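Contents: one structure, followed by commentary.
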4 protein chains.
Amino acid sequence: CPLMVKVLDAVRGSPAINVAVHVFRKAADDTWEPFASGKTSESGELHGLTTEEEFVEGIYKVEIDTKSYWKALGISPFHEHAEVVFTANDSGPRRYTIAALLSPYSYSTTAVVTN
Amino acid sequence: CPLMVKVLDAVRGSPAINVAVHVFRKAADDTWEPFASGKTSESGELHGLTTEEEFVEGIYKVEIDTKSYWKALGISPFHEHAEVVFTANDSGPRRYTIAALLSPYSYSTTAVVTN
Amino acid sequence: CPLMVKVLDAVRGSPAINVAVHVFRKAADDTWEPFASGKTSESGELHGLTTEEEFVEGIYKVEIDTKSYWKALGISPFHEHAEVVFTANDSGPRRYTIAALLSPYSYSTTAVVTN
Amino acid sequence: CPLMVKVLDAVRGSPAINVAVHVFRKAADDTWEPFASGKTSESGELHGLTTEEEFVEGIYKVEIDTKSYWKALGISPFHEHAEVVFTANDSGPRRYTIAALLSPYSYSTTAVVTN
Ligand SMILES: O=Cc1ccc(Oc2ccc(Cl)cc2Cl)c(O)c1
Ligand SMILES: O=Cc1ccc(Oc2ccc(Cl)cc2Cl)c(O)c1
């Protein structure tokens with residue numbers, strides 16, 4: 001697991017469960033191509049997006065479908081989604097955890113790069 | 001205006017109006033003594049807490065009464081309050097803005113320090 | 001001034017000065033077209049991006065060029081940029097402030113929306 | 001483990017390792033009494049602070065010694081510490097994770113209350 005996503009809900013003080021997550025990789029023509037996707041588990045985590053073999057250096061976009069998440073709780077959101085865009089590069093052995101904390105009108109995202 | 005406090009609501013995407021804020025200063029005897037207090041305005045800002053004469057070097061604690069804010073809005077939040085503790089004016093007089101962003105189970109705080 | 005952008009530096013506790021910001025608007029053909037751009041001032045704020053006449057209903061993306069900011073400061077950050085995507089003016093014209101707080105491996109963004 | 005603390009570093013994009021954490025419980029005379037303490041592990045987590053038997057309802061303060069953490073990395077911090085004050089109450093089975101994301105001049109803390 002070189003790439004993991006973890007989402008928390010700042011209103012309910014809980015993991016954000018069942019949030020759809022789509023990952024894209026930037027192609028040579030500068031369009032985003034689908035790479036990996038899933039929905040966060042009961043722990044608010046999404047594992048198994050990719051493998052070391054398929055997660056080569058390049059530019060990736062992780063889109064967290066926050067608007068749908070809030071609407072399924074009856075709560076009015078501001079953003080369409082939360083987007084995390086970064087260059088993945090091999091400087092050594094490396095796991096990337098993209099973390100996100102959601103409020104209806106605010107979010108934070110952090111990268112935890114380990115090993 | 002060497003010390004200003006600004007509070008925003010991450011649920012509503014609005015300034016957090018009428019938030020009580022108490023500032024304390026650590027005394028000679030290691031005790032937290034009352035320094036200044038007030039309530040945020042409609043802009044979510046609290047001005048005029050102190051003057052450059054009375055805001056001497058020291059360790060200060062800005063307590064933002066987040067629980068009272070949320071309960072006045074029918075939300076039962078996690079935290080009693082947000083506390084922000086820092087040494088001030090240790091390299092001469094500066095201007096300090098203490099910002100806080102509030103959600104029911106979460107907050108962030110940042111300090112913007114100028115001159 | 002229906003759209004304003006404010007950026008702060010969480011490492012230095014200061015406004016994030018000279019940050020490039022590009023705003024796009026989703027077109028009829030589902031494409032991101034250029035809407036407006038600018039650079040933050042010494043207060044970390046970007047004013048005059050648009051006018052109430054030209055800021056119509058639509059889906060907007062505010063891209064904050066965080067990587068360029070950090071690299072100009074000798075820091076090699078994680079993110080390419082901060083992207084903030086939202087529907088605007090769907091319930092009539094409002095005033096939008098998009099705030100961002102930046103660290104090398106992290107950012108938060110909140111929207112304050114008035115009238 | 002009813003009470004866990006997890007700390008991340010937003011500058012280094014990594015867990016915050018070896019951060020001292022002191023927990024207090026409010027006594028009847030309104031003073032804070034030491035309750036539990038430790039230092040975050042290589043994962044930035046601190047487990048085993050307490051037990052279900054000893055973590056009764058009451059008001060607790062979790063102080064994260066952020067200033068020492070930053071100084072041991074050569075980086076100038078603003079806060080003395082990060083403080084999280086909350087009422088622990090039994091509404092059902094409940095684990096509390098106090099999470100914190102640190103920057104030199106900013107921090108966020110969230111409560112994740114599960115089970
Ligand atoms: O973006 C801000 C942010 C994102 C996530 C957070 O909680 C975690 C995030 C990642 C990991 Cl590995 C562990 C924890 Cl507890 C957090 O406190 C702040
Ligand atoms: O995530 C975005 C964000 C934006 C602002 C914040 O507090 C402030 C910090 C500096 C200034 Cl000038 C104004 C404010 Cl409201 C903050 O804590 C987070």
Side-chain angles (χ1 to χ4, degrees), chain A residues 4-10 13 15-16 43-45 64 82 84 95-103 105-114, chain B residues 4-10 13-16 40 43-45 64 82 84 95-103 105-114, chain C residues 5-10 13-16 40 43-45 64 78-79 82 84 97-103 105-112, chain D residues 4-10 13-16 40 43-46 64 82 84 97-103 105-112:
Chain A
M4 200 267 276
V5 178
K6 173 166 182 65
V7 188
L8 300 171
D9 172 338
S43 71
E45 304 184 354
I64 302 158
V84 179
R95 221 185 142 337
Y96 289 76
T97 292
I98 281 49
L101 178 54
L102 309 182
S103 296
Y105 278 68
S106 179
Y107 65 87
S108 65
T109 182
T110 309
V112 181
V113 183
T114 55
Chain B
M4 192 274 261
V5 177
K6 180 158 162 60
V7 190
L8 292 174
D9 177 330
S14 71
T40 59
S43 62
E45 297 182 354
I64 305 297
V84 178
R95 299 181 179 180
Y96 292 83
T97 302
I98 299 297
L101 164 75
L102 306 184
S103 302
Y105 278 66
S106 187
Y107 63 91
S108 64
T109 180
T110 114
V112 185
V113 175
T114 67
Chain C
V5 177
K6 180 158 162 60
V7 190
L8 292 174
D9 177 330
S14 71
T40 59
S43 62
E45 297 182 354
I64 305 297
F78 186 72
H79 302 90
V84 178
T97 302
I98 299 297
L101 164 75
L102 306 184
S103 302
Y105 278 66
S106 187
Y107 63 91
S108 64
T109 180
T110 114
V112 185
Chain D
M4 200 267 276
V5 178
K6 173 166 182 65
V7 188
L8 300 171
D9 172 338
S14 75
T40 60
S43 71
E45 304 184 354
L46 174 51
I64 302 158
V84 179
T97 292
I98 281 49
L101 178 54
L102 309 182
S103 296
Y105 278 68
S106 179
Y107 65 87
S108 65
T109 182
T110 309
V112 181

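Residue numbering restarts at 1 for every chain, and letters A, B, ... go by the order of the sequence lines. Every number for a ligand or one of its atoms is a count from 1 in the order of the listing. Computed over heavy atoms, backbone and side chain alike; hydrogens, waters and symmetry mates excluded.
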Step-by-step side-chain contact (heavy atoms from CB on, under 4.5 Å) determination, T97(A) to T114(A)
CA-CA 8 Å; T97(A) 292; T114(A) 55; 5.9 Å; no
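Other residues, nucleotides and ligands contribute over 12 non-hydrogen atoms within 6.0 Å of the CZ atom of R95(A).
Going from atom CD1 of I98(D) over to atom NZ of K6(D) covers 13.5 Å, rounded to the nearest 0.5 Å. If you take OG on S108(C) and CG on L101(D), they are separated by 9.0 Å, rounding to the nearest 0.5 Å. Atoms CZ and OH, on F78(C) and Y107(C) in that order, are 10.0 Å from each other to the nearest 0.5 Å.
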For ligand 2, list every N/O pair with the protein closer than 3.5 Å, one pair per line with the distance.
from     : atom 1 : to      : atom 2 : distance (Å)
ligand 2 : 1 (O)  : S108(C) : OG     : 2.5

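Proximity of a side-chain donor or acceptor of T110(C) to a complementary backbone N or O of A10(B) within less than 3.5 Å is not detected.
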